[PDB]
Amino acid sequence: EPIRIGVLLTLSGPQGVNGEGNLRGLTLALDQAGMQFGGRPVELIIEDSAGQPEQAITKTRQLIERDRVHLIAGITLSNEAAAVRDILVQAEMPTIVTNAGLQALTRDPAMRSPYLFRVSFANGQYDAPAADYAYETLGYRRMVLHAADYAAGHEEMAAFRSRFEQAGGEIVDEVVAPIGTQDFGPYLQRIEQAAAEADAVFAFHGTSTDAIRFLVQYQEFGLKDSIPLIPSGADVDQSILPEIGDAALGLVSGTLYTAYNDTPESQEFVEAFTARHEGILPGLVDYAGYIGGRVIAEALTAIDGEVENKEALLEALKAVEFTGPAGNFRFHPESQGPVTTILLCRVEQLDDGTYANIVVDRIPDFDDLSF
């Protein structure tokens, strides 16, 4: 009778804030759907991976072997994804990835699988349209790239470069800074110098204290006044927008979602989210969890809960389509990553003092293969 769904997330340690966001979005979607399908109650079995590959393995083995779940959602870190991929595939377990943006998982034909779906992004996917915007609308021809020095950072630089290069632009330098950098001074100076022969900078750190320290120092050091900057959408996420504030004002970025999107489905998700979370606005990770849950809900509805029929479950997941809070969402038929609407936004200040990502332009049907 019950429909058992495993959720593997990083819910403690410094990455726990991301898993928590995913879990809020996911449960909100399953609750709007009533937590039952075809007369069958859902039960979520939640396991914390603590951001650790070996614990991700243990947890994943347990949900499959002990808990006998019919589906797994989540996976916070790319290193956790890489460590459990083979287990999920060998077990023929339908899996909905809500965060881990590891490019290979959908883009490399050897890592992909019909059991793996991704509803968040491949790294770089929501930033790459900002490179089109930089070339086509802003007139930039030569850019400097900067990122925190880890895998997602490299992949975001590469995705940005690829689109900027395809439009006819050129990348003059890449500047990388270690994770947990306190003084961005030296990296800022290097960026300044590269930008003598450049029109603008793109920077990614993820939604992190790195991002806060970088943006704030970018302005304080004087570069905001002189060198246009396109932050990653992660770097101006809602959760940290109040602490940047003034440093990101007027900056344009690509993003997956903002609570200020002026569509009815976005307004409905903000209302249901804020009613549940004491006025707090949903951000990126909440959004991505929500799409996870809606996908599951739409697939389960279509097969009337007959979740043990894996063939029908997979065919139903492949066919899922709806208007979500960012726009229309579906899966690429070959990568099973997202084909979705990317929002180009600018940070603005509202009349009450609040900082907001405001939508200036939309790129529909942007897939994870086009960069």
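Residue indices: 1-based, along the sequence shown.
Per-stretch averaging of Cα B factors for 229-237 and 184-192 places 184-192 on top. Once the C-alpha B-factors are averaged per stretch, 193-201 and 99-107 rank with 193-201 first. Going by the entry's values, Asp246 shows the largest Cα B-factor out of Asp246, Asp127, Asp286, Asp262. For the set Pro333, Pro41, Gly327, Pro338, the PDB entry puts the maximum C-alpha B factor at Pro41. Among all modelled residues in its chain, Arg163 ranks in the lowest third by Cα B-factor. In the PDB entry, a CA B factor belonging to the middle third of its chain's modelled residues is recorded for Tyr133.
When the modelled residues of the chain are ordered by their C-alpha B factor, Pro364 lands in the lowest third. Placement of the Cα temperature factor of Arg346 within the chain: lowest third of the modelled residues, per the deposited record. Per the PDB record, residue ranking by Cα B-factor puts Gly74 in the lowest third of the chain.
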